[PDB]
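Asks:
Protein chains: 2
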Amino acid sequence: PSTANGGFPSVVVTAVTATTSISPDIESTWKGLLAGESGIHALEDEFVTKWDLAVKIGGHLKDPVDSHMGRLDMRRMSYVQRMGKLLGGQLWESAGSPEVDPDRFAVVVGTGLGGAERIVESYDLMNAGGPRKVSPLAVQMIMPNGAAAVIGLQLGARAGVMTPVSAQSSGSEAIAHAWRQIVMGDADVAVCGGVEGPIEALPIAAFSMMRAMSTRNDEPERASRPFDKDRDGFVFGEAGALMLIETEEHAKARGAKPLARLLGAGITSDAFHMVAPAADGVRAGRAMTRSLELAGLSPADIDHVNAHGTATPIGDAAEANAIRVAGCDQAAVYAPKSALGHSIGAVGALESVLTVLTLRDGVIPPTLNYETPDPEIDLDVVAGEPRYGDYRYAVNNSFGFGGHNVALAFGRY
Amino acid sequence: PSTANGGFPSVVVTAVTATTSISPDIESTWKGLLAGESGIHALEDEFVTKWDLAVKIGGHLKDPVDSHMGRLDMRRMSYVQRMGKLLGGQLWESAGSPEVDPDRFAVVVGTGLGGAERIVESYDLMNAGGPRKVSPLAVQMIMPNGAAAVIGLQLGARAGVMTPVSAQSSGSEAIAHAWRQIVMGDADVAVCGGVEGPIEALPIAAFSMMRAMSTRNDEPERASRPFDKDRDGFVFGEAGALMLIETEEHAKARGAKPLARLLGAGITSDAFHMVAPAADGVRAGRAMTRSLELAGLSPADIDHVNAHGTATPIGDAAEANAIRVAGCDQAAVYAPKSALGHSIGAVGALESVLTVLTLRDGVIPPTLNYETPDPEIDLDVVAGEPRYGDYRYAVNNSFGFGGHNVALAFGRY
Ligand SMILES: CCCCCCCCCCCCCCCC(=O)O[C@H](COC(=O)CCCCCCCC[C@H](C)CCCCCCCC)COP(=O)(O)O
Ligand SMILES: CCCCCCCCCCCCCCCC(=O)O[C@H](COC(=O)CCCCCCCC[C@H](C)CCCCCCCC)COP(=O)(O)O
Ligand SMILES: C=C/C(C)=C/[C@@]1(C)SC(=O)C(C(C)=O)=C1O
Ligand SMILES: C=C/C(C)=C/[C@@]1(C)SC(=O)C(C(C)=O)=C1O
Ligand SMILES: [K+]
Ligand SMILES: [K+]
Numbered sequence: 255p256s257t258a259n260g261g262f263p264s265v266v267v268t269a270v271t272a273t274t275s276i277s278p279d280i281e282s283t284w285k286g287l288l289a290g291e292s293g294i295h296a297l298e299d300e301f302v303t304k305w306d307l308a309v310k311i312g313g314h315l316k317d318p319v320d321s322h323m324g325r326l327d328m329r330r331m332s333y334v335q336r337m338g339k340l341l342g343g344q345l346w347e348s349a350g351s352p353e354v355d356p357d358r359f360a361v362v363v364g365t366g367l368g369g370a371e372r373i374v375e376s377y378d379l380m381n382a383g384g385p386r387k388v389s390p391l392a393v394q395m396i397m398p399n400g401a402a403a404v405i406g407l408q409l410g411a412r413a414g415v416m417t418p419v420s421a422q423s424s425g426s427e428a429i430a431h432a433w434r435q436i437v438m439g440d441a442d443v444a445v446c447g448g449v450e451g452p453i454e455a456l457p458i459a460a461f462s463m464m465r466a467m468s469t470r471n472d473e474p475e476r477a478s479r480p481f482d483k484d485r486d487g488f489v490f491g492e493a494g495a496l497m498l499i500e501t502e503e504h505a506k507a508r509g510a511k512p513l514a515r516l517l518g519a520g521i522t523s524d525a526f527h528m529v530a531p532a533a534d535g536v537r538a539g540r541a542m543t544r545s546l547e548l549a550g551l552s553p554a555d556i557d558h559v560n561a562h563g564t565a566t567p568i569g570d571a572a573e574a575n576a577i578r579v580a581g582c583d584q585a586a587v588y589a590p591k592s593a594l595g596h597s598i599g600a601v602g603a604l605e606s607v608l609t610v611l612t613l614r615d616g617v618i619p620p621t622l623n624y625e626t627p628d629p630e631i632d633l634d635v636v637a638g639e640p641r642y643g644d645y646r647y648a649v650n651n652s653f654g655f656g657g658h659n660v661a662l663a664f665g666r667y
Numbered sequence: 255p256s257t258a259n260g261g262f263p264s265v266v267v268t269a270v271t272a273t274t275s276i277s278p279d280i281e282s283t284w285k286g287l288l289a290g291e292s293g294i295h296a297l298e299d300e301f302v303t304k305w306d307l308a309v310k311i312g313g314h315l316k317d318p319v320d321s322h323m324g325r326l327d328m329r330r331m332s333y334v335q336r337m338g339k340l341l342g343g344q345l346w347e348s349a350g351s352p353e354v355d356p357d358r359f360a361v362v363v364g365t366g367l368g369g370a371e372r373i374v375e376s377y378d379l380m381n382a383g384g385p386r387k388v389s390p391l392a393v394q395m396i397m398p399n400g401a402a403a404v405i406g407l408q409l410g411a412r413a414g415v416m417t418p419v420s421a422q423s424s425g426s427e428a429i430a431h432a433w434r435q436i437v438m439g440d441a442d443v444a445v446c447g448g449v450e451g452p453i454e455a456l457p458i459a460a461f462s463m464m465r466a467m468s469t470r471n472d473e474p475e476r477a478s479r480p481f482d483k484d485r486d487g488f489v490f491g492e493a494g495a496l497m498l499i500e501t502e503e504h505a506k507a508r509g510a511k512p513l514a515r516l517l518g519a520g521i522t523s524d525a526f527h528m529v530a531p532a533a534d535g536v537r538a539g540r541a542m543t544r545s546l547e548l549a550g551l552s553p554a555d556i557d558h559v560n561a562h563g564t565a566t567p568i569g570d571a572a573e574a575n576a577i578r579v580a581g582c583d584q585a586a587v588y589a590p591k592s593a594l595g596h597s598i599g600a601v602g603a604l605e606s607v608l609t610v611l612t613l614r615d616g617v618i619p620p621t622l623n624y625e626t627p628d629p630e631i632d633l634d635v636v637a638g639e640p641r642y643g644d645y646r647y648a649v650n651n652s653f654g655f656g657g658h659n660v661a662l663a664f665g666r667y
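Chain order of the listed sequences is A and B.
Quick note: the first sequence uses the numbering used here, first residue 255, plus one each step.
Quick note: the second sequence uses the numbering used here, first residue 255, plus one each step.
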């Protein structure tokens with residue numbers, strides 16, 4: 255049973271939404287990426303000078319989420335819930351505000367952590383004033399399923415609301431489980447993707463003490479260099495992204511025009527190390543291969559891989575080996591974190607949206623900063639200008655601390 | 255496609271482990287439940303008198319996790335990671351330390367929040383001493399997939415390590431997803447269940463300010479009264495629990511004796527309110543119905559329901575309606591939170607283990623404190639003494655804030 259042999263129903267992507275450091279409008283982000291734009295800038299936040307942080311660069315959203323939030327939203331939701339509400343409404347409107355059967359409608363939204371600012375706020379309030387200063391809303395704002403639950407309540411989803419957490423693969427893992435929910439017959443339509451918090455001092459300190467972050471502060475747009483010989487770690491770039499997926503039958507019955515097909519998904523784990531990927535890429539390549547088995551594709555069918563490509567020395571080398579293991583190392587490769595940075599729990603969902611746009615429009619944007627090939631890598635990294643083609647099938651990769659490997663196989667509609 | 259019709263492979267439970275407020279030994283917890291024991295006591299923690307907390311009752315683990323941990327693990331793992339390492343090693347030993355194929359072995363472990371004490375710790379450290387005082391291990395201890403990832407690394411699981419977060423249904427949801435992973439062909443064997451943090455002052459304040467908790471401080475063992483007319487909210491009782499599931503042919507091949515069969519799982523959502531269950535019980539009933547459809551059972555086959563039964567007024571009334579919607583209201587009902595209290599992200603896993611032991615041993619423990627029947631409930635609540643019977647099929651219910659409904663259908667082996 256595969257998508258190609260009709261063992262699974264055909265599942266299509268019928269709407270996308272994202273907010274990024276380039277634009278709040280996904281179509282404008284996409285045009286910016288194709289024009290070689292970067293969302294990364296010097297950080298001007300007072301927290302950078304307060305703490306004299308070693309990292310002084312990153313991409314805040316172009317259009318801050320809270321400029322769209324009312325007084326009560328700011329007091330009743332954590333930041334990732336507010337992002338989830340903003341994007342869920344935008345996605346539904348982009349889909350034509352369909353009146354779907356709530357009992358066949360699921361939501362699957364990943365995030366790295368949850369409403370953690372409300373944990374530190376509640377802690378401070380109780381230390382200063384005692385237990386009765388904690389909000390009656392604290393639990394529901396903090397719980398990591400909070401953003402998915404807000405979207406499910408907002409949009410009326412009664413076929414399940416799920417939150418897989420797998421660190422930096424959470425946003426792709428969510429789209430994998432939404433596809434599973436549909437092909438298993440538990441839903442006909444799902445909103446899925448990932449949301450994440452903004453850049454702040456404590457997140458920068460924690461990842462900096464792992465020695466995982468770029469410190470190329472003098473040239474912020476040049477700092478994120480996935481697959482490049484001179485890379486020196488990742489750069490934060492804020493985002494959130496959701497997509498609407500549904501059976502092809504369901505889309506046809508309501509007149510939705512698909513953007514792409516979501517053909518299959520593979521999830522594996524390394525059992526190697528908690529915070530470094532296995533150098534051999536074997537289990538990561540097996541997640542890619544499993545997505546092909548469930549799609550009914552061979553590796554030679556894959557015209558494009560949207561790489562997780564964080565720009566760490568270790569991570570990019572492992573992913574290049576994984577792509578080789580899966581037989582996909584003659585695909586054209588894009589590493590979007592070169593322009594958009596790393597949004598942790600959201601980023602797999604953002605990069606799945608970009609993989610969809612590559613299939614819809616026949617173009618891969620250039621990987622920024624790809625100037626000096628690294629002989630360990632040996633991939634067809636698209637650089638300098640966009641790569642045009644009749645792309646038929648593509649894989650999006652995402653990986654996370656914990657050893658999680660997620661691959662999603664998409665096709666042109 | 256159902257378990258009964260052979261459309262899904264047969265999946266069996268081959269080992270269980272749990273630590274509770276009654277015992278660290280699940281067989282002793284089980285004997286204690288049957289004897290009418292309660293794990294709930296007056297809280298003697300200094301934090302109760304420090305804050306003059308309204309809630310002064312709960313069940314700490316009989317044997318603290320950290321009596322088994324050294325200072326190095328106590329500094330380099332969060333508490334839920336330490337609980338997961340302790341339980342995962344105990345489970346694997348109980349299973350006979352099998353040499354399974356890593357590439358066919360998955361882990362699915364839910365939790366409500368994650369390594370949140372390390373969030374407030376890192377915040378305090380940075381406020382006192384700057385960003386370079388944050389631990390280089392802080393991210394991997396905080397991330398909510400951390401416990402599942404520790405277990406996956408410890409035991410060698412390469413077929414996926416998943417953490418579904420759905421608040422108080424997370425422990426059951428994890429078992430649901432592990433069953434899906436096996437029946438979809440991505441694993442032959444899985445460790446699954448849930449872990450959760452201990453009772454502490456800030457968790458008590460947050461839930462207390464929801465007005466959800468019992469304050470029957472005078473008579474701690476009498477406080478948790480699921481389905482009783484005089485119930486007044488839930489009581490914390492610490493736990494963590496894991497089970498080993500595997501295909502029946504994998505169990506046979508290694509000579510493992512099954513404890514029970516895991517036949518099907520249903521997940522739905524309410525889209526009603528963030529922290530109140532839908533009064534009609536309709537979507538929660540449909541999670542039970544879905545687990546029967548995938549099992550290949552009818553409601554008339556069900557002998558036993560292990561209720562989520564938190565002892566809130568509105569919660570138990572909605573669940574009674576859900577059990578009626580599913581046609582399961584002739585079954586014998588147990589509410590284990592009456593004795594063990596509520597362990598949040600672990601509790602659905604704990605109660606799945608108890609459902610397995612009910613089928614294995616042909617006995618349901620008494621629901622403690624069930625003294626005055628409530629006309630809105632109208633269920634056969636087992637009480638007073640344990641009830642012996644030839645139980646063949648049981649459903650375990652769990653629900654969570656966000657409107658999450660999970661039902662698991664188990665059978666006697
Ligand atoms: C692309 C970035 C991704 C970062 C990913 C981090 C993961 C979670 C990020 C959650 C942060 C949400 C912050 C939103 C609210 C906000 O902004 O509040 C500022 C004031 O600062 C704060 O309250 C800071 C509160 C910090 C909360 C605790 C963060 C703990 C971080 C860990 C120690 C390290 C990261 C763990 C990641 C684990 C999961 C992924 C592997 C404006 O305040 P005001 O002036 O308007 O009053
Ligand atoms: C059955 C209870 C379930 C409760 C579940 C609630 C969530 C669990 C969160 C994990 C808590 C782990 C605590 C382990 C370490 C420990 O205990 O450290 C104490 C000292 O206290 C602390 O550091 C407390 C640290 C507080 C951490 C933040 C807690 C935030 C809680 C939220 C405001 C409210 C709950 C949100 C739940 C959302 C998910 C479920 C809906 C001994 O110190 P020492 O003797 O070693 O010196
Ligand atoms: C098991 C550890 C893995 C997969 C680590 C990666 C490559 S994932 C990721 O997103 C990332 C960074 C630093 O962003 C990694 O270092
Ligand atoms: C949508 C909200 C739900 C399901 C609420 C429940 C009944 S679940 C649970 O575990 C619980 C408590 C207080 O423990 C609830 O109040
Ligand atoms: K990618
Ligand atoms: K239960």
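Don't be surprised by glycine CBs; every beta carbon is placed ideally from N, CA and C.
Excluding five sequence neighbours on each side, which residues of the same chain lie with their C-beta closer than 6 Å to the C-beta of B:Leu-287?
Replies: Hits under 6 Å: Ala-593, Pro-619.
Asks: List the residues of chain B that A:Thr-501 touches, going by C-beta distances under 9 Å, in chain order.
Replies: Neighbours of A:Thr-501 on chain B: none; closest Cβ ~17 Å, over 9 Å.
Asks: In the DSSP assignment, find the unbroken alpha helix (DSSP H) run with B:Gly-518 in it and report its ends.
Replies: From DSSP, B:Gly-518 is part of no alpha helix (DSSP H) but of the beta strand (DSSP E) over 514 to 523.
Asks: Ignore the nearest five residues each way along the sequence and tell me which others in B:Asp-327's own chain have a CB closer than 7 Å to its CB.
Replies: So the list reads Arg-336, once near-sequence residues are dropped.
Asks: When the Cα atoms are used, what is the spatial distance from A:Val-610 to B:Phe-490?
Replies: So the two alpha carbons sit approximately 46 Å from each other.
Asks: Please give me, in chain order, every unbroken run of the beta strand (DSSP E) with length at least 3 that falls completely inside the stretch 582 to 664 of chain B.
Replies: Counting only runs of 3 or more, we get 586 to 588, 647 to 654.
Asks: Could you work out which residues of chain A lie near B:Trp-433, taking near to mean beta carbons separated by less than 7 Å?
Replies: Going along chain A, no residue has its Cβ under 7 Å from B:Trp-433, so there is no contact; the nearest lies around 11 Å.
Asks: Taking B:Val-660 as the reference, give the member of A:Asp-644, A:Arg-412, A:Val-309 with the closest Cα.
Replies: Of the listed residues, the one whose Cα sits closest to B:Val-660 is A:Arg-412.
Asks: Return yes when at least one heavy atom of ligand 7 lies under 7 Å from the C-beta of A:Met-438, else no.
Replies: Absent from the structure shown: ligand 7. Ligands present: ligand 1, ligand 2, ligand 3, ligand 4, ligand 5 and ligand 6.
Asks: B:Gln-344 versus chain A: which residues are under 8 Å apart at the beta carbon?
Replies: Those within 8 Å of B:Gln-344 in chain A number zero; the least Cβ separation is about 19 Å.
Asks: Closest to A:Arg-330 by CA distance: which of A:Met-542, A:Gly-451, A:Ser-389, A:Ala-525 is it?
Replies: A:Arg-330 has its Cα closest to that of A:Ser-389, out of A:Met-542, A:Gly-451, A:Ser-389, A:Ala-525.
Asks: Counting pairs of beta carbons, one from the stretch 524 to 544 of chain B and one from the stretch 401 to 416 of chain A, are three or more of them closer than 8 Å?
Replies: With the cut-off at 8 Å, the stretch 524 to 544 of chain B and the stretch 401 to 416 of chain A touch.
Asks: Report yes if the CB atom of B:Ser-348 is closer than 8 Å to the CB atom of B:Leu-315, and no otherwise.
Replies: Cβ atoms of B:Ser-348 and B:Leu-315: not closer than 8 Å.
Asks: What does B:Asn-560 pair with, by DSSP beta-bridge criteria?
Replies: Per DSSP, B:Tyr-588, B:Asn-650.
Asks: With DSSP collapsed to three states, give me the class of A:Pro-263.
Replies: A:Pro-263 falls in the coil class under three-state DSSP.
Asks: If the cut is a Cβ gap below 8 Å, which residues of chain B does A:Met-463 touch?
Replies: Correct list: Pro-385, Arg-386, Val-388, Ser-389, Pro-390, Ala-392.
Asks: Please list, in chain order, the residues of the stretch 351 to 368 of chain A that have any C-beta partner in chain B closer than 8 Å.
Replies: Under the 8 Å Cβ criterion, the stretch 351 to 368 of chain A contributes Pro-356, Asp-357, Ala-360, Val-361, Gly-366, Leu-367, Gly-368.
Asks: Could you give the distance in angstroms between the alpha-carbon of B:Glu-573 and the alpha-carbon of A:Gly-657?
Replies: Their backbone Cα atoms lie some 38 Å apart in a straight line.
Asks: Considering only heavy atoms of ligand 6, list every residue whose Cβ is less than 6 Å from one of them, following chain order.
Replies: Those satisfying the condition are, in chain order, B:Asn-560, B:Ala-561, B:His-562, B:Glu-605, B:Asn-650, B:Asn-651, B:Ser-652.
Asks: Given 7 Å as the limit, tell me if A:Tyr-333 has its C-beta closer than that to any heavy atom belonging to ligand 1.
Replies: Correct: A:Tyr-333 has its Cβ closer than 7 Å to ligand 1.
Asks: When we look at the beta-carbon of B:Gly-261 and count the other beta-carbons within 10 Å, is it buried (16 or more) or exposed?
Replies: B:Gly-261 should be labelled exposed.
Asks: Which residues mark the beginning and the end of the beta strand (DSSP E) in which A:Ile-294 is found?
Replies: Note, A:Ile-294: premise wrong, no beta strand (DSSP E); not H, not E.
Asks: Among B:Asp-570, B:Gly-520, B:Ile-405, B:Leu-307, which one has its Cα closest to the Cα of B:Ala-561?
Replies: Among B:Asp-570, B:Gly-520, B:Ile-405, B:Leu-307, the Cα nearest to that of B:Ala-561 belongs to B:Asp-570.
Asks: Would you say B:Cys-446 and B:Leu-513 are within 8 Å of each other, going by their C-beta atoms?
Replies: Against a cut-off of 8 Å, the Cβ pair of B:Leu-513 and B:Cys-446 comes out as no contact.
Asks: Residues in its own chain within less than 7 Å of B:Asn-623 by CB, not counting five upstream and five downstream?
Replies: Cβ within range, chain order: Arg-476, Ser-478, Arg-479, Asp-482, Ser-592.
Asks: Tell me which residues of the stretch 481 to 492 of chain B have at least one Cβ-Cβ distance to chain A shorter than 8 Å, keeping chain order.
Replies: Of all residues in the stretch 481 to 492 of chain B, none has a Cβ within less than 8 Å of some Cβ in chain A.
Asks: Extract the residue ranges of the alpha helix (DSSP H) inside the stretch 293 to 361 of chain A, only unbroken runs of 4 or more that lie entirely within it.
Replies: DSSP runs (the alpha helix (DSSP H)) wholly in the stretch 293 to 361 of chain A: 300 to 305, 325 to 330, 333 to 348.
Asks: Is the separation between the beta-carbon of A:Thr-612 and that of A:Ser-264 shorter than 8 Å?
Replies: Contact: no.
Asks: Would you say A:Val-529 faces chain B, with C-beta separation under 8 Å as the test?
Replies: Yes, contact with chain B.
Asks: How is B:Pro-418 classed by DSSP in three states: helix, strand or coil?
Replies: In the structure shown, B:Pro-418 sits in a strand (DSSP, three-state: E or B).
Asks: Any idea what DSSP makes of B:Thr-283, helix, strand or coil?
Replies: Reduced to three states, the DSSP call for B:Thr-283 is helix.
Asks: Among B:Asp-557, B:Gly-410, B:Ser-468, B:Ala-576, which one has its Cα closest to the Cα of B:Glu-353?
Replies: Comparing Cα positions, the closest option is B:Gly-410.
Asks: Give the residues from the stretch 625 to 656 of chain A that approach chain B closer than 9 Å (Cβ to any Cβ), ordered along the chain.
Replies: Within the stretch 625 to 656 of chain A, the qualifying residues are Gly-654, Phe-655, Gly-656.
Asks: With three or more C-beta pairs closer than 8 Å as the rule, is the stretch 368 to 382 of chain A touching the stretch 637 to 652 of chain B?
Replies: The stretch 637 to 652 of chain B, when compared against the stretch 368 to 382 of chain A, does not touch it at the 8 Å Cβ threshold.
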